[PDB]
Number of protein chains: 2
Amino acid sequence: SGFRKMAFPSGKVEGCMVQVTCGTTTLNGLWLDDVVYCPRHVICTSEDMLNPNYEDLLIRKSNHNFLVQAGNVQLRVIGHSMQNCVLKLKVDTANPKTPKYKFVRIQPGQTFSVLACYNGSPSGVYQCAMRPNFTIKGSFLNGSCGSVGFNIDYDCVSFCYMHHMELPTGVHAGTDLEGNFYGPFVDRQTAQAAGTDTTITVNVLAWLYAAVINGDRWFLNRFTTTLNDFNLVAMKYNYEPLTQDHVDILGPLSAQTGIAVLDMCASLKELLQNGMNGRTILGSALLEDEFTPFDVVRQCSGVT
Amino acid sequence: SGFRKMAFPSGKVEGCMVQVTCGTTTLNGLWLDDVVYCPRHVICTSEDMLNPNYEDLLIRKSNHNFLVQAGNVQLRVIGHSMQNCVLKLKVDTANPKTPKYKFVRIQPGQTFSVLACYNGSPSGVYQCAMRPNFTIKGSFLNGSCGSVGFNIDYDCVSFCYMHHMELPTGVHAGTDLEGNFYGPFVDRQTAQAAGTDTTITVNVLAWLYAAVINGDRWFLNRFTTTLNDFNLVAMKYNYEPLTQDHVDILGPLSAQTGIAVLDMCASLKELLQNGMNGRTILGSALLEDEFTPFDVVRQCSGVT
Ligand SMILES: NC(=O)[C@H]1CCC[C@H]1c1ccsc1
Ligand SMILES: NC(=O)[C@H]1CCC[C@H]1c1ccsc1
């Protein structure tokens with residue numbers, strides 16, 4: 001029992017973190033097989049960052065300009081290429097700690113673990129969600145760029161995020177491991193406002209199922225609703241619209257608890273309309289939206 | 001920027017987790033050097049757990065009754081002893097993945113990382129605090145016993161917690177790695193009520209400093225208070241009394257922010273007396289007490 005914001009064990013990703021230095025800029029890279037993946041802004045001075053021409057900046061860079069250190073042993077760079085917003089540095093040695101891995105572009109609402117890193121060294125691990133405005137609410141200081149988000153399925157690490165940038169509003173923007181930004185963000189020091197940070201309704205509902213399973217039931221009411229009626233309420237409160245897809249995904253939590261998805265929607269409707277009246281749910285005084293239905297099943301069943 | 005409930009990288013502890021089986025009971029052990037540490041209730045049937053005589057149960061057990069598996073390779077047990085509430089199983093092989101490590105008994109209010117495990121396999125990692133009533137608010141299913149709490153100082157893992165028991169109130173009790181329970185808890189299936197779960201005042205104040213550093217300042221007021229005056233308010237709200245020791249520990253956050261500890265105490269006093277009036281601090285609608293002053297400094301400075 002008990003419900004915790006839980007990250008994946010970070011060991012498999014720890015073994016892939018390296019330091020990448022180009023001139024005076026140091027940040028983190030990800031070493032998988034004989035390739036080190038890092039943000040392309042490694043080649044920039046913070047002066048460059050106001051309006052960088054990455055193609056032009058990269059012409060000036062040779063393999064020997066990319067200093068790659070794994071612990072206290074230097075990797076030899078035999079090749080470099082820009083793919084979108086990442087650099088791929090070919091090294092002469094395959095990372096012996098390379099786990100089974102995939103590159104995946106996640107959808108907004110999807111959760112993952114961040115191994116925050118500085119100078120290629122892990123500092124800590126936390127669970128995130130891709131916000132519907134394609135930002136993440138992270139914890140990243142100068143030097144954290146190239147820190148990666150990931151999921152683990154048994155022994156396979158699915159990398160989904162590489163950290164690139166803090167918006168002037170202190171939220172975080174980054175790419176997949178093909179170097180494509182989530183959302184409309186560019187690797188430039190410029191006016192970039194995030195859109196509306198909507199609540200991930202299916203995640204809140206999953207979290208309400210998790211609460212019921214853990215004995216926090218005070219918020220269960222006598223009411224039901226319809227997808228259309230719920231969705232009017234959700235519009236009002238900047239909640240993501242709930243689809244039949246979301247209802248189907250919540251099926252196993254529905255079955256386990258014996259609470260129909262639409263009944264739980266009516267509980268959420270009352271919580272939105274009435275607030276928690278100074279009460280808590282799984283030790284939160286607001287509605288948590290960074291557990292997926294899959295996250296609730298996994299934590300509540302104990303998958304390793 | 002941004003502030004996250006952050007766990008230590010779990011890699012170093014992942015390499016120590018093994019499965020221990022005695023008859024029909026399986027749980028987790030911790031393999032350091034040539035010793036596997038596990039909860040002594042590994043020798044119990046859930047029938048035994050109502051009133052176990054561990055000394056008597058252990059007479060019936062030989063080294064070959066303790067099945068210890070690290071991945072898919074069996075460890076040979078050459079010795080067993082009971083120390084307090086843990087078993088120490090001497091194996092013929094030193095864990096090659098043994099990190100630098102210490103056993104430490106933490107004080108209530110101290111934070112640590114839990115690597116939740118099932119059948120010796122890591123499922124996830126989260127940050128905890130030892131509550132002032134010597135319970136932890138964990139996430140532990142059947143099979144999670146022997147999962148361990150730890151801190152890391154650069155390369156040294158300080159193990160502080162081994163998981164033993166869920167109270168009927170769904171909070172968690174356990175031992176240090178010498179097998180001494182935190183608080184008055186015993187490894188028996190019996191009436192055990194936790195005392196008052198007081199709020200860790202010095203941690204809440206550290207978290208308010210973290211909020212100020214991250215731009216969440218709405219709660220800073222024009223008032224100050226005294227230790228004695230604050231402590232009357234803290235008594236009323238089941239907050240731990242604030243000592244000069246706590247004030248000294250908060251010194252560096254005080255210096256960084258230029259907000260005197262007693263001024264911040266007056267901000268906390270108003271928040272206790274007035275509540276947050278539907279507002280949030282670092283994305284929380286209540287006062288977070290599971291960051292230590294050390295945690296705030298580390299996260300806010302980026303220690304690896
Ligand atoms: N907004 C930021 O993170 C800037 C401060 C440090 C990195 C730099 C940047 C800008 C666009 S990509 C990286
Ligand atoms: N309260 C509990 O956790 C019981 C259920 C499973 C383990 C068993 C126990 C009791 C005292 S120590 C371990």
Side-chain angles (χ1 to χ4, degrees), chain A residues 126 137-142 166-172 193-194 197 275-276 278 280 283-286, chain B residues 1-6 109 111 127 129 198-302:
Chain A
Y126 52 87
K137 293 161 164 159
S139 184
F140 297 108
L141 305 174
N142 281 341
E166 187 166 63
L167 299 193
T169 60
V171 300
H172 303 119
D197 195 5
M276 329 228 326
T280 63
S284 189
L286 53 71
Chain B
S1 248
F3 210 72
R4 275 282 184 181
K5 191 62 72 59
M6 195 173 275
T111 59
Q127 194 70 353
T198 65
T199 301
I200 312 152
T201 313
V202 61
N203 290 8
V204 173
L205 281 164
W207 174 80
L208 288 176
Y209 279 115
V212 165
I213 293 165
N214 283 278
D216 289 354
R217 312 200 153 90
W218 66 261
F219 55 81
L220 294 179
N221 61 26
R222 301 183 161 275
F223 316 143
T224 196
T225 190
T226 75
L227 259 192
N228 287 160
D229 174 54
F230 179 78
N231 281 345
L232 292 175
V233 185
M235 181 98 92
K236 173 164 139 91
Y237 288 94
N238 291 122
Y239 270 65
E240 288 290 301
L242 199 67
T243 70
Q244 186 57 39
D245 275 0
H246 294 144
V247 178
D248 298 329
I249 281 161
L250 287 163
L253 287 174
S254 191
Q256 205 190 308
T257 64
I259 302 164
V261 177
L262 281 185
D263 295 5
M264 191 69 81
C265 286
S267 283
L268 177 46
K269 164 167 155 186
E270 292 307 299
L271 284 168
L272 294 180
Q273 281 172 357
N274 301 336
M276 329 228 326
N277 279 112
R279 284 182 292 269
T280 63
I281 304 177
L282 293 174
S284 189
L286 53 71
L287 302 170
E288 292 297 317
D289 79 341
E290 297 196 359
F291 304 87
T292 63
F294 294 125
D295 292 343
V296 172
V297 173
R298 183 186 313 107
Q299 184 156 161
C300 280
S301 99

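Note on naming: letters A, B, ... go to the chains in the order of the sequence lines (proteins, then strands), and numbering restarts at 1 for each one.
- At least one side-chain heavy atom of B:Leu287 sits under 4.5 Å from a side-chain heavy atom of B:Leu271.
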Walk me through whether B:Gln273 and B:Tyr237 qualify under side chain to side chain contact (heavy atoms under 4.5 Å, CB included). CA-CA 9 Å; B:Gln273 281 172 357; B:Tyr237 288 94; 4.2 Å; yes
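- No donor-acceptor pair under 3.5 Å is formed between the side chain of B:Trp218 and the backbone N or O of B:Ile281.
- Nearest approach of B:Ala266 to B:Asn221, heavy atoms of both residues: O-ND2, 3.1 Å.
- Qualifying ring-ring contact (aromatic ring centres under 6.0 Å, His included) partners for B:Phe230, counting only residues two or more places apart in sequence or in other chains: none.
- A cation-pi arrangement is found for B:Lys5 relative to B:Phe291, the charged atom lying closer than 6.0 Å to the ring centre and inside a 45° cone about the ring normal.
- Around the CZ atom of B:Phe219, the shell of radius 6.0 Å holds more than 12 heavy atoms that belong to other residues, nucleotides or ligands.
- In terms of modelled atom types and a separation under 3.5 Å, the side chain of B:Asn214 and the main chain of B:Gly2 share a donor-acceptor contact.
- Side-chain contact between B:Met264 and B:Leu250 is absent, with no heavy-atom pair separated by less than 4.5 Å.
- The side-chain heavy atoms of B:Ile259 and B:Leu208, taken from C-beta on, include no pair separated by under 4.5 Å.
- Here the shortest heavy-atom pairing between B:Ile200 and B:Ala129 reads CD1-CB, 4.2 Å.
- At a threshold of 4.5 Å between non-hydrogen side-chain atoms, the residues B:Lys269 and B:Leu272 do not count as touching.
- Identified under the side-chain hydrogen bond (donor to acceptor under 3.5 Å, both in side chains) test for residues 251-265 of chain B, with sequence neighbours left out: B:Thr224-B:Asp263.
- The shortest heavy-atom contact between B:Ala210 and B:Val296 is CB-CG1, 3.6 Å.
- Using a 4.5 Å heavy-atom cutoff, the side chains of B:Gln244 and B:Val247 are in contact.
- Going from atom SG of B:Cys265 over to atom CG of B:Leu227 covers 6.5 Å, rounded to the nearest 0.5 Å.
- Judged as a side-chain hydrogen bond (donor to acceptor under 3.5 Å, both in side chains), not a single pair has a partner in residues 200-213 of chain B (not counting sequence neighbours).
- Shown here are the side chain to side chain donor-acceptor pair (under 3.5 Å) partners of B:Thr225, two or more places apart in sequence or in another chain: B:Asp229.
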Kindly indicate, with the supporting measurements, whether the criterion side-chain hydrogen bond (donor to acceptor under 3.5 Å, both in side chains) is fulfilled by B:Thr111 and B:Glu290. CA-CA 6 Å; B:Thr111 59; B:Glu290 297 196 359; over 6 Å; no
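- Partners of A:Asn142 under the side chain to side chain donor-acceptor pair (under 3.5 Å) rule, at least two apart in sequence or in another chain, do not exist in this structure.
- Under the 4.5 Å side-chain criterion, counting only non-hydrogen atoms from C-beta, B:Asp295 is in contact with B:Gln127.
- The aromatic rings of A:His172 and A:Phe140 sit perpendicular, their planes meeting at an angle over 60°, well past the 30° parallel limit.
- B:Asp216 meets the salt bridge (charged side-chain N to carboxylate O under 4.0 Å, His left out) test with no other residue; sequence neighbours excluded.
- For the pair B:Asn231 (side chain) and B:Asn228 (backbone), a donor-acceptor distance under 3.5 Å is absent.
- Side-chain atoms of B:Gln299 come within 3.5 Å of backbone atoms of B:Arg4 as a donor-acceptor pair (strictly under, hydrogens ignored).
- Residues B:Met6 and B:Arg298 fail the side-chain proximity criterion, which asks for heavy atoms closer than 4.5 Å.
- By the 4.5 Å heavy-atom criterion applied to side chains, B:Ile213 and B:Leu253 are counted as neighbours.
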